[PDB]
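Take a look at this single chain in structure tokens; it is the form deposited in one PDB entry.
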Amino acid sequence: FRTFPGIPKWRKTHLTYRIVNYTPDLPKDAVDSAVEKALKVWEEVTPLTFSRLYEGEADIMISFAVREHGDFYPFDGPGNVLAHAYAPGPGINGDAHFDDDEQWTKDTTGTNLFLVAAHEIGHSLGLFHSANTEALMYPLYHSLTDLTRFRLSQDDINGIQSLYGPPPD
């Protein structure tokens, strides 16, 4: 696993998230379930807990965007960059932006929102890219078998627990 420079880490266990807008690609409930599942794979293996804010500024602001959308890193249209996220910290840090020039799907016929979201929240909690091919944080994870089979790899668990510790016990 790789952890970011000078170890940007959330200095608290309870983090809030806020879904700012909704893709036309999916029902709103499907966007909601994919982000909840993405958050729960990391919750399961750390003492971190998350809750949802509907207004105000949450730690992890989630939004769908196309091309230039307000930060210095515009999206590129179809394919290639699918989403990006900032490492822990205040303001735009911890936030995750999803490229809506992708076709976000519940399954594998397009770009699977669960899997890209779970990868991206790994960056939001402080994981960088793994050299380990079977890891969710490996750059090419989008070529991995989704919840027909999905499980976090030992490497991702080792990485997130080197930052926040194991589940409370």
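The first residue of the sequence shown is number 1, and the count goes up from there. Shifts are known only where both forms have a C-alpha. Think of the rigid core as the biggest set of C-alphas that the two forms share within 1.5 Å after superposition.
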{"query": "Mean C-alpha B-factor comparison - 137 to 145 and 52 to 60, higher one", "finding": "137 to 145"}
{"query": "65 to 73 set against 111 to 119, stretch whose average Cα temperature factor tops the other in the entry", "finding": "65 to 73"}
{"query": "From 124, 46, 132, 103, residue of greatest CA B-factor", "finding": "132"}
{"query": "Third of the chain's Cα B-factor distribution that residue 90 belongs to, per the entry", "finding": "highest"}
{"query": "Third of the chain's Cα B-factor distribution that residue 16 belongs to, per the entry", "finding": "lowest"}
{"query": "Chain-wide C-alpha B factor ranking for residue 23, given as lowest, middle or highest third", "finding": "lowest"}
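Only in words, not in the display: the form solved in complex with a small molecule, which the text now covers.
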{"query": "Residue stretch of 44 to 52, 27 to 35, 123 to 131, 60 to 68 approaching the small molecule in the entry with it bound, non-hydrogen atom distance within 4.5 Å", "finding": "123 to 131"}
{"query": "Residue contact check: residue 115 to the small molecule in the entry with it bound, 4.5 Å heavy atom", "finding": "yes"}
{"query": "Residue 135, heavy atom within 4.5 angstroms of the small molecule in the entry with it bound", "finding": "yes"}
{"query": "Residue 106 within 4.5 Å of the small molecule in the entry with it bound, heavy atoms", "finding": "no"}
{"query": "Candidates 104, 141, 42, 64 - which moves between this form and the one not shown, C-alpha at least 2 Å, core fixed", "finding": "141"}
{"query": "Closer or farther: C-alpha pair residue 145/residue 129 in the entry with it bound, relative to this form, given a change of 3 Å or more", "finding": "farther"}
{"query": "Pairwise C-alpha change, residue 143 versus residue 106, in the entry with it bound against this form - closer or farther, 3 angstroms or more", "finding": "closer"}
{"query": "Stretches between this form and the one not shown where the CA atoms of at least 3 consecutive shared residues shift 2 Å or more, core fixed", "finding": "141 to 146"}
